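Sequence first, structure after, both from an experimental entry:
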Amino acid sequence: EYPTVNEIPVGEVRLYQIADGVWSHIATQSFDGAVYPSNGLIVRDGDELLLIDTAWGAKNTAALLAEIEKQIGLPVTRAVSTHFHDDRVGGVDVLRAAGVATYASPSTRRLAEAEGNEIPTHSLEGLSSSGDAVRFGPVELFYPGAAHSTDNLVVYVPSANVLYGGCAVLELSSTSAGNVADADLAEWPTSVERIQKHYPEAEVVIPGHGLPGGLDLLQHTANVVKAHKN
Ligand SMILES: [Zn+2]
Ligand SMILES: [Zn+2]
């Protein structure tokens with residue numbers, strides 16, 4: 001029952017419960033003449049919520065906040081953007097104005113700046129090298145190396161064994177790596193291997209777009225990227 005594009009009009013956000021205190025958020029957005037669904041994550045931390053990624057735009061992200069208040073009723077106090085693209089940081093100004101402390105790596109903040117995207121307020125240090133991992137509230141943040149972009153981070157929720165791959169991970173139905181303008185195709189499969197080695201216990205893997213699955217999303221991603229590179 002995971003929602004797809006045809007079930008979410010642009011401007012609306014759905015939440016989907018993955019585990020106790022862990023949800024994905026699903027939004028839709030038009031980009032270059034096509035509508036795409038996009039995922040982020042919500043993780044409970046006591047009486048507060050940690051948000052992973054915006055809902056791809058200001059209006060979507062305002063809707064996201066409204067849907068969180070309706071469905072969950074706990075305040076979002078911090079947010080992390082997992083790379084510099086607009087499906088990840090677009091809506092950060094809305095979050096900030098709402099009183100949410102927004103975060104990203106220094107590299108993500110610099111690339112967002114260069115690209116004219118919204119820029120999270122606070123820098124996440126300790127994630128500059130492939131294999132680096134840091135605790136951030138109820139999650140672990142991991143930099144696997146360059147993949148979909150050079151700055152992409154993944155997020156693990158230890159209490160639930162849930163791995164959110166963001167766009168470094170592709171859904172099982174995918175036949176291609178999608179938008180690779182900022183990608184490092186030579187490194188990507190290695191980056192995926194690092195994730196596989198570091199989170200062998202992951203039970204649910206959530207891609208940046210499309211359906212969640214099991215650990216096979218990781219190998220599938222490496223295979224697609226390799227096949228794409230050719
Ligand atoms: Zn992207
Ligand atoms: Zn994306």
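That came through fine. Numbering: from 1, shown residues only. Ligands and ions are numbered 1, 2, ... in the order given.

residues in the chain within reach of ligand 1, list them.
85, 167 (CB under 5 Å from the ion). Placement of C-beta: from N, CA and C, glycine included.

show me the contacts for the closest residue to residue 188 other than its chain neighbours.
Distances taken as CB to CB, 6 or more residues apart in numbering place residue 147 nearest to residue 188, at 4.1 Å, with adjacent residues excluded. Counting by CB atoms under 8 Å, 6 or more residues apart in numbering, residue 147 touches 167-168, 183-184, 187-188, 191-192, 225.

and if you look at residue 200?
residue 215.

Next, it: secondary structure please.
coil (DSSP: H, G, I helix; E, B strand; the rest coil).

Is stretch 40-54 in proximity to ligand 2?
No. Using CB under 5 Å from the ion, stretch 40-54 stays clear of ligand 2, coming no nearer than 9.4 Å.

Name whatever forms a beta bridge with the residue most central in space within the chain.
Nearest to the centroid of the C-alpha atoms of the chain, with distances taken as CA atoms, centre = their mean, sits residue 166, at 3.5 Å. Assessed by DSSP bridges, residue 166 has beta-bridge partners residue 207.

ok, now how distant is it from residue 143?
Distance, residue 166 to residue 143, by CB to CB, to the nearest Å: 11 Å.

Residue 11 too?
32 Å.

Looking at those two, which is more packed in?
Neighbours around residue 11 and residue 143, counted as other CB atoms under 10 Å, are more numerous at residue 143. The numbers are 26 against 14.

I'd assumed residue 124 was in contact with that one.
No. Counting by CB atoms under 8 Å, residue 143 does not reach residue 124; the two are 9.5 Å apart.

Spell out which residues are contacts of both of the two.
Joint contacts of residue 143 and residue 124 (CB under 8 Å, 6+ apart) are residue 105.

Can you list the buried residues in the helix or strand harbouring residue 70?
Residue 70 belongs to helix 58-71 when assigned by DSSP states H and E. Buried positions in helix 58-71, judged by neighbour count with 16 or more other CB atoms under 10 Å: 58-65, 67-68.

Can you give me every residue that contacts residue 131?
143-145, 194, 198.

now do residue 209
36-39, 167, 170-171, 178.

How about residue 49?
42-43, 68, 72, 74-77.

and if you look at residue 167?
Residue 167 touches 82-83, 85, 87-88, 147-149, 152, 178, 207-209, counting by CB under 8 Å, 6+ apart.
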